[PDB]
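I have placed the structure first, in the form of structure tokens, so that the comments after it can refer back to it.
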Amino acid sequence: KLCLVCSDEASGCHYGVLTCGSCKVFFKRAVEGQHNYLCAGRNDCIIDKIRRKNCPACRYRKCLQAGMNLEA
Amino acid sequence: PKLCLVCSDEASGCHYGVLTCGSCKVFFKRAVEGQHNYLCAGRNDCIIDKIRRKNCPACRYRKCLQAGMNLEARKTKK
DNA sequence: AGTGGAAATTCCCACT
DNA sequence: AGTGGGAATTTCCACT
Ligand SMILES: [Zn+2]
Ligand SMILES: [Zn+2]
Ligand SMILES: [Zn+2]
Ligand SMILES: [Zn+2]
């Protein structure tokens, strides 16, 4: 039912993990980019539908911990 | 050496009663004339600086209010 | 000649 | 995959 990163409604199994649409594109863009994100808090931000855009660092870290990878 | 009391960017003057940068100036103007119902993803004490000030509108707005920013500030003056 | 409004324009991102 | 919005810079305004 739900995205394993933000708990929004999932669309399918993207990059190896059940995710929503925005989390898919975000992950792609993050890995392909020269992207070193930095948390403004404690590296433990709440990632949900409303807040997920607040911290790319914690969102990216949740993507990786969930096992996402450009190979399915 | 004068820096934005909200995000430590380079300050551009005293705006709304407080030493701040152009971006924090208009962020505050935007936040107070509109609805400002932001939600913090951390614990309402996020670090606000030039690279991160976009992460948490909630804490940024909070630092603006805590610093004393207010639209009516220049108007007094008397 | 020097400050600080607000508006306008441009730039940057999110999700669709 | 094009509309919408947020952020940030640039500009012009009144008043010293
Ligand atoms: Zn998601
Ligand atoms: Zn975070
Ligand atoms: Zn600032
Ligand atoms: Zn915050």
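Within every chain, numbering begins at 1; the chains are lettered A, B, ... in the order of the sequence lines, protein sequences first and strands thereafter.
With sequence neighbours left out, the side chain to side chain contact (heavy atoms under 4.5 Å, CB included) criterion links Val26(B) to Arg30(B). Partners of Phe26(A) by ring-ring contact (aromatic ring centres under 6.0 Å, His included), not counting sequence neighbours: none found. Every residue was checked against the ring-ring contact (aromatic ring centres under 6.0 Å, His included) condition with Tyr38(B), not counting sequence neighbours, and none meets it.
At a threshold of 4.5 Å between side-chain heavy atoms, the hydrophobic network of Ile, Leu, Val, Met, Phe, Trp and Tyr places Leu18(A) and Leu2(A) in two separate groups.
For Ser7(A) and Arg52(A), the side-chain atoms include no donor-acceptor pair closer than 3.5 Å. In summary, the side chains of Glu71(A) and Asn69(A) do present a donor paired with an acceptor at a separation below 3.5 Å, with no hydrogens or angles considered.
Looking only at distances, no side-chain donor or acceptor of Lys49(A) sits under 3.5 Å from a matching main-chain atom of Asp8(A).
Using the sign of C1'-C2'-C3'-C4' as the criterion, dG5(C) falls on the north side of the pucker cycle. Sugar pucker of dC13(D): north, as indicated by a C1'-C2'-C3'-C4' torsion of positive sign.
The CG atom of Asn55(B) sits 13 Å away from the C1' atom of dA7(D) (whole-angstrom rounding). The separation between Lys53(A) atom NZ and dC12(C) atom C1' is 15 Å, rounded to whole Å. With rounding to whole Å, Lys49(A) atom NZ is found 10 Å from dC15(C) atom P.
Non-hydrogen atoms lying under 4.0 Å from DNA chain C are contributed by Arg74(B), all within residues 69-78 of chain B. DNA chain C lies under 4.0 Å from at least one heavy atom of each of the following residues of residues 23-42 of chain B: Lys25(B), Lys29(B).
Ring planes of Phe28(B) and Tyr61(B): parallel class, angle under 30° (limits at 30 and 60°).
Within the 4.0 angstrom heavy-atom criterion, only backbone atoms of the sugar-phosphate kind lie near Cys14(B); the bases stay farther away. Heavy atoms of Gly22(B) sit under 4.0 angstrom from at least one base atom.
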- prompt: Under a 3.5 Å cutoff on both atom distances, Watson-Crick or G-U, what's the dot-bracket for DNA chain C ([ ] crossing, | other strand)?
  reply: .|||||||||.|.|..

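Listed nucleotides: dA7(D), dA8(D), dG5(C). Nearest to the side chain of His15(B): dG5(C).
Residue-environment remark: CD (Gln65(A)) exceeds the threshold of 12 foreign heavy atoms within 6.0 Å.
Counting all heavy atoms, side chain and backbone alike, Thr19(A) lies closest to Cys3(A) at CA-SG, 3.7 Å.
Applying the 4.0 Å criterion to OP1 and OP2 of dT3(C), one finds that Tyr16(B) has every side-chain N and O outside that range. The shortest distance between the side-chain N/O atoms of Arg52(B) and the OP1/OP2 oxygens of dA7(D) is not below 4.0 Å.
Salt-bridge check for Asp49(B) with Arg60(B): failed, with every basic side-chain N at 4.0 Å or more from each acidic carboxylate O.
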